[PDB]
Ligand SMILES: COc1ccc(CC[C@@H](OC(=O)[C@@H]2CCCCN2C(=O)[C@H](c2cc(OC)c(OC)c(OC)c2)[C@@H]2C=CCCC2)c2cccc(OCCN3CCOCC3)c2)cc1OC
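Have a look below at one chain only, the form deposited without this ligand, in structure tokens format.
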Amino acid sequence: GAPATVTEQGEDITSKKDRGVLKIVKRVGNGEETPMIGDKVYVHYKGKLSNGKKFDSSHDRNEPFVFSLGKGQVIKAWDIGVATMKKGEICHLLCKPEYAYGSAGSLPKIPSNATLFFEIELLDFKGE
């Protein structure tokens, strides 16, 4: 399924080239501009654990998730991954724990040492 496909066929987008964050573009976005550090970015997403369980979804909340890019307000895989996206793009990301929640995990749903799968849509970005 989709997690296996990004694991086996995804592009390493890390600067270290350590395969910690793998990406597949599922829907090409608009234009060529990607967000800038510090921009307010608006995303829709759904996350799955490696045991198949969905652990989060913004769609189910009927509102986007909003954060400032490149500031450590989200896991490192998101700062790196969203920075690669164009407006309107949908991608899949496969995030090793060193680029996610590490050995700590994150209650209530994310265990220690968890590899995470996300589908992310970049809805908009704005320089505040």
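The first residue of the sequence shown is number 1, and the count goes up from there.
Not on display, but discussed next: the form deposited with this ligand bound.
Open item on the list: Considering non-hydrogen atoms and a 4.5 Å limit, does this ligand approach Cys91 in the deposited bound form?
Closed with: No, no contact at 4.5 Å.
Task: 4.5 angstroms heavy atom contact with this ligand in the deposited bound form for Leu116 - done: Answer yes; at least one heavy atom of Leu116 falls within 4.5 Å of this ligand in the deposited bound form.
- [ ] Mark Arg27 yes when one of its heavy atoms lies within 4.5 Å of a heavy atom of this ligand in the deposited bound form, and no otherwise.
- [x] So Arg27 does not count as contacting this ligand.
TODO: Answer with yes or no whether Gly72 is in contact with this ligand in the deposited bound form, where contact means some heavy atom within 4.5 Å.
DONE: Judged by the heavy-atom cut-off of 4.5 Å, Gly72 is in contact with this ligand in the deposited bound form.
- [ ] Would you give me the residues of 26-65 that have any heavy atom within 4.5 Å of this ligand in the deposited bound form, in order from first to last?
- [x] The stretch 26-65, when checked against this ligand in the deposited bound form, contributes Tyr45, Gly47, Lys48, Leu49, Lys54, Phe55, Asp56, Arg61, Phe65 at the 4.5 Å heavy-atom cut-off.
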